[PDB]
Structures are given as C-alpha cells and as structure tokens.
Amino acid sequence: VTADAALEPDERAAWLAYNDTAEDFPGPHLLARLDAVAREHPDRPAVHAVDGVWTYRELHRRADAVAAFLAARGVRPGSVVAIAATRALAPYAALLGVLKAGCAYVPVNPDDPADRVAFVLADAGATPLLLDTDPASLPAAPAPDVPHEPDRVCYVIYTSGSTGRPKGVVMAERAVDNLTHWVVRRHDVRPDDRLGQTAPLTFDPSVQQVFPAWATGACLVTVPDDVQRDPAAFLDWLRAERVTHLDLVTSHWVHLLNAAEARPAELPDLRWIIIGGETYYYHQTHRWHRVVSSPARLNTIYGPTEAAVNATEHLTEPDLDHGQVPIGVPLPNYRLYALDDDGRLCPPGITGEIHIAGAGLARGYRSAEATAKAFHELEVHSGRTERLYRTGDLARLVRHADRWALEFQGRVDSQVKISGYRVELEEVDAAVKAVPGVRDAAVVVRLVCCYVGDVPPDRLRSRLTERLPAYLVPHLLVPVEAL
Ligand SMILES: NC1=N[C@@H]([C@H](N)C(=O)O)CCN1
C-alpha cells in the first residue's frame, strides 16, 4: 500500500529523521517585508548594476512607476509580464514593479533568438509591454491599490531541458518566501552585506540572491558578463566589490579554483558561496581552501527550478580531502524521498529517484501535459500523502558524520550541463545541421563542434547565435571532412 511498506523499522526510521524539517518563520509575507525595508532603510544601496546604484527609495519609486503603468494599460493582478533580463538597473524595477502589480514576471534574455522569445511570451501568457518600452523611464506614480491575496504567482521561469519542449515553471509566493527566510537565516544576511548575482535573471539562483538582499536591506550586486567569463578578473572583482554572498554553479566555481591556484586570492569580505549543480569532490574543495584566504564557507546545495531553487544543503567541511561531497539535508519544510521504479521508498544506501515534497514546490508548469507527467500524489508513510515532484535525479541516503544525507548518483536520462544549464547533445547537432551548407555535425563536451560543409567558421558563428542562445553556440567550430 504505502511506499515505505517493505522497510524494516530501522530503515523507515532513517527516512523519518531525514525529513523532520518543519520550521515556522515570522514576520509578514515576502513583499511586505520588502516594503518594510524600503521604509526602514530608504538611503541604503539596494541594487548595484552596470549603469549605476539605486537606493531602496529610488528602487521602489521606479518599481511603483512600473506597477502604475501596468495598471494603466489593463494588466490586472494575476497576469504574467515579461522583463528584459540584463545586467543594468532597469530589470530590477521591472520585476519588482510587476510584483507590486500583483503579477508574475517571466525573465527574457533580449539577446536570445526571437523565435525562442516568442515561444516564451506565448507559453507564459506574458505581455511584452515592458520589453517594448524602457521600464526605468516611465512617468513617476504611486503604486496602485493591489490588495494582498495569499500565495500569488511570483514568476514563470523557463527550463530548457527538452528540445522543442521548454517548460515554464510557475512559482508562487509561499515557496519564494520560504526560500528567502532560509537564505537570510542560514547565511546570516545583514543590511551591510553585498550579495553577488552571478546567474542572470533567466536562471533561478538569481532569485536566491535578489530577495534575501531586498528583504534585509543588503545590496544586490549583479556580476557583469565580461567579469564572469574571465575567472581571474572575477576573483579580483569579488575583492574590489567586497561581496559577502555569492552564487555559483559547480563548473563555474571550478574555473575560479583554477584561477585561484594560478594566483591565490584574499577575499576577506566573502562569507558564503552557495554552490551546486554538478557533483564535486572533497579533494577539490580542499584545494580551494588552500589557495583562497577567506572566511567564506562553501554551502553545497541541490535543487530543481521546480522546487524553488534549492531543496537540500550541506555545509562543506574544509578538512576533508577525499570523497564525493553529499548534497546534504533538506531545506526547511522540504521533504525528499528516494523511490524505485515501483515507487517504493529505498532503504538507506540504495540508489533511487528523488521525489520532492513541501513548501518549495511550483504550482506546476504552464503546460498541463508537463505538469501531469511530473507532479503526483503518493502515500509515502502511513498517514502522510505527499504532493511530489519527480526529479529525474538519482541519489541514495547515507550516513555522513552524525547525520543522514543524500548523495547524488546521476540522472535517469543523463544529459549534460553547460554553465549550469541542462541541455541535450542532440539540439546543438540539429542546429548546425540546419545551417544551409552544413551537413553532418558532431558536438562533444571538452563545447566543441566538428562539421562537414563549406561554411567558414565565421559565417557559421553568425548563423548559430541567431538560432541558439549564447550559451549553446560551441566554443570551437572545426571544419572536418569525415566523422
Ligand atoms: N542554487 C542552485 N540551484 C540549482 C538550480 N536551481 C538549477 O536547477 O540548476 C543549481 C545551481 N544553483
């Protein structure tokens, strides 16, 4: 009957202890806390972008203007509004002003190919009003009278794992509030802190930096694109900007480790890197704490976008030098289960598919089919029927120090990741094959491309950036005669 039916008491007890995660957080809802910070700290810097710094007063003023504009053009609460994700100031007033309108923002990269932007507008139900006009130069205005309704939708963020099947994750306020409380409390975020935003706003780790900043009075510091590509300049930039909290995907951090081994760094202001996405190992994290002088602790996380950025966490020990780092214990009010093909809860030590429950779950996808294939109800213990999200990820429950912990084990469809983004090998093969003049193409991750045909690698470069996002156009494009 139940998913734990076959377990012995000791094995069922391990799972019960692991998911003993309930925590009640105080204060009003998320947006209200953001407004209280604007009242308490109007003169503090709230966002530091590439074209300037905005105080909390200016940020909420500009956001107010955005929300009044949206009301003036018939955008009622519960609508979805696109915002141009850039590294400038404008997008922050856009996304905040959308939220004050009682709406949800869908982040769009304006450099992305137009065909993919059109899909996202259509699938999100999103108006492009704020893509067509400059959100920061809208006429000043008070915010409109939007009542507070509980668990409103905050964002639709797109995950592009399946080719021709981008999925729009719909995320509501309780999940984002719960995440924000965790980030602030777990990492001791304070008004004087400076939170780096490495992820663009199209990638949900930006969420984990922006709202904990704005819910505390800390400063959100967006990491400029030219700085992120150069691991050396990035390390210098973290010191010059006195960043206290940073987000990275595992592969990006490995680059920083390489750049740190070549030129060891002092980062006295850094207290936290929240890092995750791919499996990594204690011999790497030991190497890091060797060439980096810093109080920064590494917080390894795991989580799909479908469960509000992060679902598990592990404080990474700097003494250990061997073995795989575990993804750790669930975030507050999260609950995770390792299930087999049959839906039975795996004994400790046995690899299963992660299903996620609790306060972090999306409402679902915009697509009904995708929602029905991934969210489901299961009675996992006697008397506990969970709404679950089926991740596609494998993990086992292990003993790590005094605690039960999950250890990541792979995927069921094991696709590759590039700069933290799940992508299929077969989409970049079809994209270069579809360039008229090119023929066969093989793409390997070393992202390198070998293709047959007489399109010089410059004209191919130009045709690919018009078709693919900037992160899927291969780093090398080598013309070859046969495969
Ligand atoms: N915080 C964090 N979470 C995950 C992310 N939500 C994802 O789906 O890739 C990996 C990178 N960083």
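Just so it is clear, none of the values below were taken in a lab; they were calculated from the coordinates. Positions of Cβ are generated from backbone atoms using ideal geometry, with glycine treated the same way; all protein chains shown enter the neighbour counts.
Based on the Cβ-Cβ distance of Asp10 and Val412, what FRET efficiency does E = 1/(1 + (r/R0)^6) give at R0 = 25 Å, to the nearest 0.05?
Working: r = 28 Å, r/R0 = 1.12.
After rounding, the FRET efficiency stands at 0.35.
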Q.
How would the stretch 273-354 be classified by its alpha-carbon gyration tensor: rounded, prolate or oblate, with rounded meaning a/c under 1.5 and the a/b versus b/c comparison settling the rest?
A. prolate
**Q.** Convex hull volume per residue for the chain, taking Cα atoms only, in Å³
**A.** 157 Å³
Q.
Give the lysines reachable from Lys373 as a straight Cα distance under 21 Å; neighbours fewer than 8 places away on the same chain don't count.
A. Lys167
Q: Report the net charge of residues surrounding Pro200, where surrounding means a beta-carbon distance below 14 angstrom and charges are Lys +1, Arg +1, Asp -1, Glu -1.
A: -4
Q.
Take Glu466 and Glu266, extend 7 Å from each Cα along the Cα→Cβ direction, and tell me the distance between the two endpoints in nm.
A. 5.2 nm
**Q.** Net charge of neighbours whose Cβ lies under 15 Å from the Cβ of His60, counting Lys and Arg as +1 and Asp and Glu as -1
**A.** +2
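Once you charge only the Cβ atoms, +1 for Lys and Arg and -1 for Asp and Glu, what is the size of the charge dipole of the chain about its Cα centre, to the nearest 20 debye?
Details: 49 positive and 64 negative charges, 154 e Å.
That gives a dipole near 740 debye.
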Q: Using label points projected 7 Å from each Cα along Cα→Cβ, tell me how many nm separate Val50 and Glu427, to one decimal.
A: 2.3 nm
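Could you tell me whether the stretch 286-410 comes out rounded, prolate or oblate from its Cα gyration tensor? Rule is a ≥ b ≥ c as square roots of the eigenvalues, rounded for a/c under 1.5, then prolate if a/b exceeds b/c, otherwise oblate.
Working: a/c = 2.44, a/b = 1.71, b/c = 1.42.
Prolate.
Relative to the Cα centre, what is the charge dipole magnitude of the stretch 11-78, using +1 at the beta carbon of each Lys and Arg, -1 at the beta carbon of each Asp and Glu, and rounding to the nearest 20 debye?
Values: 9 positive and 10 negative charges, 93 e Å.
Dipole about the Cα centre, nearest 20: 440 debye.
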**Q.** Euclidean distance between Cα centres, the stretch 267-296 to the stretch 317-339, Å
**A.** 16 Å
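Under unit Cβ charges (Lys, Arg +1; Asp, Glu -1), what dipole magnitude, rounded to 20 debye, does the stretch 1-143 have relative to its Cα centre? List each step's numbers first, then the result.
Values: 12 positive and 19 negative charges, 189 e Å.
Here the size comes out at about 900 debye.
Within a Cβ distance under 12 Å of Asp429, other residues only, what is the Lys/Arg minus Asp/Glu net charge? It would help to have the intermediate numbers written out before the result.
Details: positive: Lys433, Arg439; negative: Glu424, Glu426, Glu427, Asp440.
Residues near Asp429 contribute -2 overall.
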Q: Using θ = phi - 60° and the Karplus relation 6.51 cos²θ - 1.76 cosθ + 1.60, list the HN-Hα couplings for the stretch 365-374 in order, rounded to whole Hz, with x at every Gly or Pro.
A: 9, 5, 6, 4, 4, 4, 5, 5, 7, 10
